[PDB]
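Participant: I would like the atomic coordinates for the input below:
(12 chains, ligands or ions: 1)
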Amino acid sequence: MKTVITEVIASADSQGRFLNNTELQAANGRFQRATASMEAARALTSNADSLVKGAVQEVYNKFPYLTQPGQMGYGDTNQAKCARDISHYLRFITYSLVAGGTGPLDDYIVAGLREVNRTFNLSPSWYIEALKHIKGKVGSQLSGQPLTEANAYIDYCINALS
Amino acid sequence: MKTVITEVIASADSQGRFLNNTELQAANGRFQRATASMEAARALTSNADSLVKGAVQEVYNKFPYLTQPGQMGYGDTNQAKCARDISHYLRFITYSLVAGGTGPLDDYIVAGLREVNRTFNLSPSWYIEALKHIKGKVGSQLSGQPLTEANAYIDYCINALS
Amino acid sequence: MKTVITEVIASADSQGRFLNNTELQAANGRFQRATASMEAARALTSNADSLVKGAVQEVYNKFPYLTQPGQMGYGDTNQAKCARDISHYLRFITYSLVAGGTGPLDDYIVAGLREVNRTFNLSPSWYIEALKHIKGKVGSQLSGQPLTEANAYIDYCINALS
Amino acid sequence: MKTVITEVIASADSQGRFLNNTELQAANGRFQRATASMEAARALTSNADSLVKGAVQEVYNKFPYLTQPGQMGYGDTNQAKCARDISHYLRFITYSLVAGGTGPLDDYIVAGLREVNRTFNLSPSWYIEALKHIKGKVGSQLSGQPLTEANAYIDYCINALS
Amino acid sequence: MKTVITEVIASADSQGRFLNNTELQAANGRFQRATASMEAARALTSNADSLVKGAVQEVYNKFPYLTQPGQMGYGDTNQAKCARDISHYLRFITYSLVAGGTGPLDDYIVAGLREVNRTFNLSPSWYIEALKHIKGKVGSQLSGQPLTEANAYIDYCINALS
Amino acid sequence: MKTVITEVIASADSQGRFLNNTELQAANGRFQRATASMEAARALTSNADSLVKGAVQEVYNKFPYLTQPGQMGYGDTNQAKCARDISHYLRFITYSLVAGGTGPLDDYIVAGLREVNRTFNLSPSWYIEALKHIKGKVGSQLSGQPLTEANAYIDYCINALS
Amino acid sequence: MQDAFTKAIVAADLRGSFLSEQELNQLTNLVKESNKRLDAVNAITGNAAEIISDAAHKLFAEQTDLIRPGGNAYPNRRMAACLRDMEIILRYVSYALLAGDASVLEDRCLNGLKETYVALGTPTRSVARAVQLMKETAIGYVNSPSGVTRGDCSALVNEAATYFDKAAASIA
Amino acid sequence: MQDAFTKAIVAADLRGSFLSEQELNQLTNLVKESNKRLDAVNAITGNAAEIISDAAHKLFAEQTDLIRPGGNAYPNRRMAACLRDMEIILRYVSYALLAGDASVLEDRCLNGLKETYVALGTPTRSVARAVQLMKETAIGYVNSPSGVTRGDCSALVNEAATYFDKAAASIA
Amino acid sequence: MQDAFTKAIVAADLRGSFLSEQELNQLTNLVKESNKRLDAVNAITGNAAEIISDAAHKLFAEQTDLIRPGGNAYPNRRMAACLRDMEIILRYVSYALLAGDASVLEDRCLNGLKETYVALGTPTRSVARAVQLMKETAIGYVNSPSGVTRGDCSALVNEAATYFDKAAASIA
Amino acid sequence: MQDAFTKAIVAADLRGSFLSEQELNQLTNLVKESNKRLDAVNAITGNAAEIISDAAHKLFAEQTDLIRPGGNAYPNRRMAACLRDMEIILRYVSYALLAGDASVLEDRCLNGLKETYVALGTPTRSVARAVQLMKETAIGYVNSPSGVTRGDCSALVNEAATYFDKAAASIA
Amino acid sequence: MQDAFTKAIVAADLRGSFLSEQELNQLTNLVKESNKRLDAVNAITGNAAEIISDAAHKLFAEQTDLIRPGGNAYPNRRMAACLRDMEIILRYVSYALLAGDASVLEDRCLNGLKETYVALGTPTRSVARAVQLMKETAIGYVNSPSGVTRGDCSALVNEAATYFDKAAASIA
Amino acid sequence: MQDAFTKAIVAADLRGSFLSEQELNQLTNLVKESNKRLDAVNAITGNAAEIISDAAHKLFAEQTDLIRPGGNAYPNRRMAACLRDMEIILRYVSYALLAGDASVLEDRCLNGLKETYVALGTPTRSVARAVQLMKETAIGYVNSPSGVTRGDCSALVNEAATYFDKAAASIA
Ligand SMILES: *[C@@H](C)[C@H]1/C(=C/c2[nH]c(/C=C3N=C(/C=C4\NC(=O)C(CC)=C4C)C(C)=C\3CCC(=O)O)c(CCC(=O)O)c2C)NC(=O)[C@@H]1C
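Facilitator: Numbers count the residues shown, from 1 in each chain, chains lettered A, B, ... in the order given. Sure, the structure comes next:
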């Protein structure tokens, strides 16, 4: 799973090489950034329920036809899967924050994303809109480098979905 | 040439990928370490003439037979090449310090090292001893993380010669 | 471009081989099917204007929100590009019919389809619905093997979009 | 074993692909040709004994030295192996006719042909003469597309021996 | 072209290596054998006309049907090409003797042999018989190691034709 | 293991080929050289103790510092390993002489030589000097082609150490 | 690879015989029925995506454990691998249906596949269930085509089922 | 690779058009003549070895300098390479004849071939002559098959000639 | 590949010199400004899809010839190849911006690219225009970030422009 | 490959949970101790050749059987293979120490290695001893750096030992 | 690969010894007899096609089941594979005869071969019989050459037999 | 690859002739002188490292610009590449000396080498000088063996010089 630390190890290993000062300075960058990252993760974890609820409701505000009979935002099961999915994204964002890299998102959401969404008729636009709403809300919960960290991973997702 | 920055770009590039937060945190480690590294480079630069002289003389102290007629520490040319070579090592250590990686040493000293030394009958032991002496001297000029940076690159050379 | 004829030639060529009775029977199947295929192409060509008009309007009946301000079925240009695109599909269906294979569709629509639609935010949804509408209409225009031909290439497109 | 059907399946499979209208038209050519092919196979099967007998004797008329003592057409064993071998060829021609391809001939006669004949001192010229004789006889037993089918596989063998 | 000398050089070169005592001893074997080999070449060169003439006649002796009208030993041109071809074989045998290897025969006769003979309907049996007859005659012209050399290259050809 | 015989077999085998006169002449060079080679091996074997003894003592005469306390020619164990190592070289030279190639030296001394010597701090100069002393002594024990053989394998080692 | 005709030839050769009447008549019936066979293969190809999608939807409703953390169709990477397998198996089943012989399915798909799944920790019976679910939807399309001449395809439907059923039994 | 149908489609697409009546009528006539086309391709395939061997015998009777030391069809290795080239050209010409289009011959055979020959020192006009000699023998077989329905194949013969003549002109 | 620090080392080595206080002061500037540099790179990465899509929409609105039959962004295959190229160039430009040096852009992207486009018949000025539009949208994102500390990034914006302008001038 | 953070995430995902307080607090302490971790990794890297060489000298002084004819560290080729193995194992141990997780050592080094040695006739307990000896010398360097801030590294030393002991137990 | 000299060296090295007078004496004899050895190897090479052909003709006269439908030397493809195997084995036997050592035959030919045949359904006893027939014809040629100096080759004939008999015993 | 004997055969074949008395005489002379030739090749092989090193030391004493920053034998990587080239050229020269023909040197070493050096910015006249210094030292060893039978090797020395001089003229 991709983190700064697995990445620098992969680098040294691809060259049959002991880790040197090149890779250790890199690793220090991961460790120095951890405090800001963990502060972001903590804020997203503790506001998770309301961040998910609001995001799901913003999807239905943006695409109102979804909540009509026959549509994919209609019924308890469709709506429960939405909340679950948006909870997944937020969970994997917190993981990436704590991990020091995009690996959790890459491995659990991004690999297979379009194949899966195509087969189950899931529009990336719904998830992009959910994530933009979460981004708006996180902007009042965090500032400074914790905000920069959170935004990086939220934007990463939005891009993966585009 | 290997630095944290070229190595994270190479990483992203090998995967056909934009740089993401993984690589940017790594890069920050390079930038955050630069101050200590530049302090080390400056001390080694300003002390270079005496560090080289003392290092060359320590080689002769440790292997006295070298300065006898017919031997490879005898004569002004043999001794001038010694001072030149040791200045090369110190120059490339300072470059590596400033560069944020082993690249300068790898590309200019380490690649071809054994083949060159074998052909010209240069003992790695002479250079190891020169570098150990320089390391002793640097230990009284620098402390803290500048020292840790200097020592890393001096030890890197000692290992490449072993 | 893939047709029965280019396919059997590619087959013989991949083995360094003259065409034999195996490939000539195959080619006969292409030639025997041409009459039905060309009858299908003729019916689709002559009703192309009304097939396109109706298909575009069915997209808007199925997804009414599209024709609201700010949406991708709003305005002369959005709607002109729709009619053009649906006309492309029908044009390449007729080409495939006449060509004795999916090659025209493969080379001009299928290759790059998802990458293009993703970048320009084009829902396969819309095109699937346009094609299903065309299929309904063609069902009263053709029967027998001309119908079976037309349906094959329409369904090919629907599958490529799924 | 190569038939139109195994060949179109191999084609679709080599591209990771469902069979489409390109391959199905090809397969129809196989099926449409089966009647003529089976009529050819029936005629060759029912006249097999006299076709083999006359072919073997034609080898001896064309190369009379073969039936002299010490030669390869001398004796009941040499002559029994001749009738067997010619019956082999006729049997694999009927199999190819029925199979919709050259596969039976390719797999059982053509693969290894020259190496085997070289080792056992079998002249291709004998077999070419036997096959030309059979072709003459079949010309009075069949007409139209059954003839065209029979001739294709007889000629295929003559070519493989040249 | 394969000789002991080109062989041992190829060997050293494939390993990125200077020639050592292993290859030099081998090369000495080539040089020591040269006297016997050149004595064989001399005898085959000076008897070439009668060796070729007798070999061609022995082919017609063994396969009398060839000299009948319509056959491949009939007429001045067919017979001239026979004498030419048998001269080629003898010439390349002398070259191989002198060269210290099979290379001349490999490069000029053996590469392409079966393909060429198959296209022009040339039986290897004719050439095998010509070569056996030459071998009988050479047995009275040479003895000892010159004979052993001559025989080796004659047998080499017989095998390449089998 | 590389000898003329394994070499020519490898050559024929790499081409899927029977051994021919090319390889057999080479093999004769090996067999013809054996007498001189075995005479060389015989003289080195019978003088082995005094050749090793004198070679070790010449190393100490050429590099006198080695026998001082703390140095690598000081003490029973360092000096016993020297005599053992020099005995290995002489043993593998006799093997290569008898074997008709460098294979014993290649496989048992040359493969891994630099890596081993680098790790245990063994100077090639010591061994070169020992071999040059042995070469001087062998020059009074052998003459002619036995001498040329002995010198080839001694020089081979000196070069492998350079 | 073998087809129905090629299979018969191989058997007749092992007897050293020209094909028998009996063998020729099975092959004559296959030729007679071949247009229906082409329609049946066309029904699968023309509806492939929907066959996989309908089967997938049903499988994950019946076995919700697969789409939870810890389940073998979680995360997105495992769901994508799963859907890809369904497409692969459906592709080889349809090849077998054109050939009139299961050998392509057996040789290029089913051979060693259970062992692969067991080594991966993929629940083999859930893969089998997926295959059966695809059979049901695939047969529905064979039986419900657009403007095809009405007639009886029950024999071809049974044959199609055997190919799907072999896949499922080989995997489970 | 293109065939006659695919060539028309590519042109109609550059105009942004459905195929015209004129284009459709020329394709309809190719379909009408396609059995004769299949017989003509079959004439080359069924007689390929003899077409090459007849052409080869005639070439080396007209140009005896090729089969002497110093000549480009000497020694055996060069003769073999020569015969192989005749085979290759005949194979691509016959592909073009099934396709009704020379693009496979041009793309996979003729493109850059003269330059290859010039680099090798192969006499390009002698290769061209070999192609012409194969044309003559090949057309002889197209015109004299066993038990084919009698009719006029002059158009297909002329078309076959164009593909051979295109090879010759490209090489010479 | 080089970066800004590595470039200085190379030049100092050609003089046989330790780095000067001028060169070191120049590198100290880059370290001091490096957080802004990371934000600037982050602006491009975090908005990459939108930079490409905004640029693409504008290009094809201006040059409607490219999306007609006969045009080099038609059919879907050519449009996809076009979009992929925009992504590749934007990716190498952003690498250059982290590095502080254009060598990765030049070595792994721009070198020989115009010649490739000319061989393909791709209109090089239209590619150059795509790069210009991506520059504009990319620079907009560098200047309009969410919740970043307010300051002056004009030097880094100018530097980013030079890398885009390097690509355009190399291609056009 | 996993690291200490990634390992925790994998486990929290199997529960369908955000990371717990407890998990976060052990990751927070790893971050707190990370500078010492970097010094410990640096101790091994900076003294790698020396660590390998002292361990090798000691092994061959304890087990003189290995450096006699018939022994597995004779001739030069086997000694070189042996020394290479020591370097490989020390490299993967040090990777594990940066990662805070043994998975890279298990996956890319230890997996199947005993079986390889048994097939080769390499004495597995002598390899284990070599690893043990490298642990002792490597830990000595971790405890004896030059000019590092003084403090307590016992936990990191214990952790390093576990990775070495892991390797030895897996091999022996 | 080993030869007779190399085999002795390997054994002397395991003892930590220079070669003994006994070992040197055996190698001296091999050198003395080496011209006869070269004739013996020459007898096989110069008559290789004939040895395989005589052996093949006898095998299939004896075991007529192999050349009937159902037999393992039927059809042409199996007969060709069979003849190729006879050539391969005879080649490796003759290599062993030049070397004075069976290791090349065991390492590059016989190792795992019976298992390969059992998996294929090739009757291993019939392969062994082919080898035995090749031995008889090969030994005939070694004994009855054109114009070689008359003498006793019984030891070399016995040695050649061992290599053939080792092949047969390893396969059967 | 050609040798002296093979070169003659190629020329005789272009005439359609058996080798002449004159050609056979040259070749007889080469055989007669072959033991000297083996000693001359053995002089280069046995002293290869010293030849390269003596030449290298002289080159860099003469051209001290090459070993300064900016010079083409600086840094260690360029020096190693340089030494490697000297060894490569000396190896192909010695191969040509065993062969009695320069074709191996020309085909596998010299062909296109000047162009390579010019592209790299390697000073071709300095490479040529290296080759000339190696020639001098190599010829010194040919003339200075240990315990070789005394005689005249001037012809072989002159021939060795031609191979070195071919290399130098081809490179400069
Ligand atoms: C122009 C680019 C915009 C802008 C930038 C700007 N940034 C800062 C300050 C900081 N930016 C960072 C960002 C990072 N640190 C990292 O390790 C990484 C990779 C994970 C990033 C992206 C940090 C740590 C700082 C310092 C602390 C802070 O939050 O301020 C400034 C302030 C000046 C400075 O150089 O520090 C500025 C001006 N400013 C703008 O207005 C542009 C829109």
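Participant: how about the residues of chain A by chain J?
Facilitator: When proximity is defined as Cβ under 8 Å from any Cβ of the partner chain, chain A approaches chain J at A:1, A:3, A:5-6, A:8-10, A:12-13, A:17-21, A:23-24, A:27-28, A:31, A:34-35, A:38, A:41-42, A:45, A:48, A:91, A:94-95, A:98-100, A:103-104, A:108. For the C-beta atoms, the positions are set from N, CA and C on the backbone; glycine is no exception.
Participant: so what's the residue count around residue A:95?
Facilitator: By the measure other Cβ atoms under 10 Å in any protein chain shown, the count of residues near residue A:95 is 27.
Participant: quick one: the nearest residue to residue A:4 once chain neighbours are set aside from residue J:99, how far?
Facilitator: Leaving aside its sequence neighbours, residue A:4 sits nearest to residue A:30 (Cβ to Cβ, 6 or more residues apart in numbering or on different chains; 3.7 Å). In this view, residue A:30 and residue J:99 are 11 Å apart by Cβ to Cβ, to the nearest Å.
Participant: find residues that contact each of these two.
Facilitator: residue A:5 (Cβ atoms under 8 Å, 6 or more residues apart in numbering or on different chains).
Participant: if you skip the residues just before and after it, what's nearest to the spatially most central residue of chain G?
Facilitator: For chain G, residue G:93 is the residue whose C-alpha lies nearest the centre (Cα atoms, centre = their mean; 2.5 Å). Spatially, and ignoring its direct neighbours in sequence, residue G:93 is nearest to residue G:163 (4.7 Å; Cβ to Cβ, 6+ apart).
Participant: show the backbone phi and psi for that neighbour.
Facilitator: Dihedral angles of residue G:163 (phi, psi; degrees, to the nearest 10) stand at phi -70, psi -40.
Participant: that one against residue G:102, yeah?
Facilitator: Yes - using Cβ atoms under 8 Å, residue G:163 is in contact with residue G:102, at 5.8 Å.
Participant: what's near enough to touch the closest residue to residue G:19 other than its chain neighbours?
Facilitator: Leaving aside its chain neighbours, residue G:19 sits nearest to residue G:12 (4.8 Å; criterion: Cβ to Cβ, 6+ apart). By Cβ under 8 Å, 6+ apart, the residues touching residue G:12 are D:95, G:18-20, G:23.
Participant: which element is residue G:40 on?
Facilitator: Using DSSP states H and E, residue G:40 sits within helix G:34-45.
Participant: picking that back up, identify the residues contacting the residue nearest to the centre of chain G.
Facilitator: Shown in contact with residue G:93 (Cβ under 8 Å, 6+ apart): G:44, G:105, G:134, G:138, G:160, G:163-164, G:167.
Participant: hmm, back to that, now the helix holding residue G:40 - C-alpha only, PDB.
Facilitator: Taking Å, rounded to 0.1, in the frame of the first residue of the first chain, the C-alpha atoms of helix G:34-45 are listed here in PDB:
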ATOM      1  CA  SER G  34     -27.400 -24.300 -37.000                       C
ATOM      2  CA  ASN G  35     -29.500 -21.100 -37.700                       C
ATOM      3  CA  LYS G  36     -31.200 -21.500 -34.300                       C
ATOM      4  CA  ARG G  37     -27.700 -22.100 -32.800                       C
ATOM      5  CA  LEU G  38     -26.500 -18.800 -34.300                       C
ATOM      6  CA  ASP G  39     -29.600 -17.000 -32.900                       C
ATOM      7  CA  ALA G  40     -28.900 -18.500 -29.400                       C
ATOM      8  CA  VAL G  41     -25.200 -17.400 -29.500                       C
ATOM      9  CA  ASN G  42     -26.400 -14.000 -30.700                       C
ATOM     10  CA  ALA G  43     -28.800 -13.700 -27.800                       C
ATOM     11  CA  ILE G  44     -25.900 -14.000 -25.300                       C
ATOM     12  CA  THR G  45     -23.500 -11.700 -27.200                       C
END
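Participant: what residues does it touch?
Facilitator: So helix G:34-45 is contacted by C:148, C:152, C:155, C:159, D:18-21, D:24, D:27-28, D:31, G:30, G:51, G:90, G:93-94, G:97-98, G:100, G:138, G:141-142, G:145, G:148, G:151, G:153, G:156-157, G:160 (Cβ under 8 Å, 6+ apart).
Participant: quick revisit: check the gap between the residue nearest to residue G:19 and residue A:12 for me.
Facilitator: For residue G:12, the distance to residue A:12 (Cβ to Cβ) stands at 64 Å.
Participant: which bits of chain G sit near chain J?
Facilitator: Residues of chain G lying near chain J (Cβ under 8 Å from any Cβ): G:68-70.
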